[PDB]
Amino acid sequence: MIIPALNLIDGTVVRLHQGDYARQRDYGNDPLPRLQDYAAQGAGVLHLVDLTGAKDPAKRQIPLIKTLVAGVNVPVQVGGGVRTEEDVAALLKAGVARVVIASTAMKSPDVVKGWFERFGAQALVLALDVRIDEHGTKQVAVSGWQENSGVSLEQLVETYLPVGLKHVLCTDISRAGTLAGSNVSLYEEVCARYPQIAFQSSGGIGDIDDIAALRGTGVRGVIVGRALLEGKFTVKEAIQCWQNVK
């Protein structure tokens, strides 16, 4: 499924080049109508990142997120700055379908295993956003991608598989926000290694052909952010492409 994404800094829709907070482009302070148009084009799930919160969990945009989730009638997943079990509970209570977590899942595995026990694996998406080095190590980034964690994608997948891990969002950070194309080889590999996980591809989609290029990877979701903000194609066109390649 196509998963349109919005990223938010202090109420403003933005695109960050490779997630670099010093490299923003602005797309207005009206995310709700934007999402509603996505949903009207047929979007089945929507993705929101609270970039203000990912950088400083003290400054999460909790009121805005609540308004956006309540303002559409399709499932919304939300990430950025979640740190506690109470954070997760509050998002789910406000109608969020799935809570997307990266930092704390790397930093405090015993704690997050407890979250899996309380909320169930259907309610949690593990974000494993990676900088892939020259040797091929898929190093997971945390703290709004500002920190390189020293831990691989695969180590973290194996950490949570025994407590029922089912949803993983995997961004190739080098592609994020660049329109350069998504990392097809990355998803081919990880999807095959972990057929029991529903992977969401993320970062780099630049045109309809880039979506089509993912058809054989086995990913269950295709996140698209920048290309939709720039109008490279419509959500309806993206959905048509994915329906068809499947």
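Counting begins at 1, following the sequence as shown.
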Taking the deposited Cα B-factors and averaging over 45 to 53 and over 185 to 193, the higher mean is found in 185 to 193
Per the PDB entry, mean CA B-factor is higher for 65 to 73 or 217 to 225, namely for 65 to 73
One of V82, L124, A89, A141 has the largest Cα B-factor in the entry, namely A89
Of the residues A94, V157, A176, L169, the one whose Cα carries the largest B-factor in the deposited record is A94
For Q36, the third of its chain by CA B-factor is the middle
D110: CA B-factor among chain residues, third -> highest
By the entry's values, the third containing the CA B factor of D20 is the lowest
Temperature factor at the Cα of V163, chain-ranked in thirds, falls in the highest
Chain-relative C-alpha B factor for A198 (record values, thirds): the middle
